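When we follow my numbering, the leftmost residue of the sequence shown carries the number 101, and every step to the right adds one.
Before any comments, here is the structure.
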Amino acid sequence: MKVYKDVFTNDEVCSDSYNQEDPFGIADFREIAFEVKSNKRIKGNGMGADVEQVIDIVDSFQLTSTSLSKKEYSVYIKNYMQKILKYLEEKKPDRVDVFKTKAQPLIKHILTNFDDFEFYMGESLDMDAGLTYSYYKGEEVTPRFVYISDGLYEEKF
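Structure below.
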């Protein structure tokens, strides 16, 4: 089973146990991002309850939700993109051009719709590493999680 890890913290944030789809249903963004549909999970683990309802992705990869102002996010994302580009030049130079080119419209899409998102840090809680984005599509009852693929690397157990 293949797992996806943040290139900076090495936290696991997704895996092939989840089917990947086009981010926001936009095929043109698949080149640098993908999304997965989450589902409810019972007792994944305050004073407790008998039936603890959680989101499978969050529980599985031990993600922690985090809130932040739109301005703080714009600052964070500008630096995170530079950090990824620096990383790509050093380890995956063939991705440098697409990322630089395609990142802008994806980020502009997120910013334009900033209030529709929840954000998640991985296990290391590193505010400088990648964030996983979550949103509810139409009238769906569980969220979809979007990942910026160049900020991740693949690993096999």
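Where is the CB? At the ideal position from N, CA and C, for every residue including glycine.
C-alpha gap between residue i and residue j, whole angstroms
| i | j | result |
| --- | --- | --- |
| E190 | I184 | 10 Å |
| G125 | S115 | 20 Å |
| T166 | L231 | 9 Å |
| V175 | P123 | 22 Å |
| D150 | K143 | 8 Å |
| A127 | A133 | 10 Å |
| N213 | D194 | 30 Å |
| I248 | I177 | 11 Å |
| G251 | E112 | 12 Å |
| residue 85 | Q204 | The chain is shown only over 101 to 257; residue 85 falls outside these bounds and no answer can be derived. |
| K170 | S224 | 23 Å |
Extent of the continuous beta strand (DSSP E) to which residue i belongs
| i | result |
| --- | --- |
| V241 | Neither: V241 is in no beta strand (DSSP E) and is coded neither H nor E. |
| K140 | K140 to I142 |
| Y104 | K102 to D106 |
| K256 | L252 to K256 |
Neighbour-count burial assignment, residue i, 16 or more Cβ in a 10 Å radius
| i | result |
| --- | --- |
| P243 | buried |
| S117 | exposed |
| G148 | exposed |
| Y180 | buried |
| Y236 | exposed |
| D156 | buried |
Span of the alpha helix (DSSP H) around residue i
| i | result |
| --- | --- |
| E172 | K170 to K191 |
| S160 | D156 to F161 |
Rounded Cβ spacing between residue i and residue j (contact assumed at less than 8 Å)
| i | j | result |
| --- | --- | --- |
| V103 | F245 | Not really, about 15 Å apart at Cβ, beyond 8 Å. |
Runs of alpha helix (DSSP H) lying entirely within the segment 198 to 228, each at least 4 residues, in chain order: none
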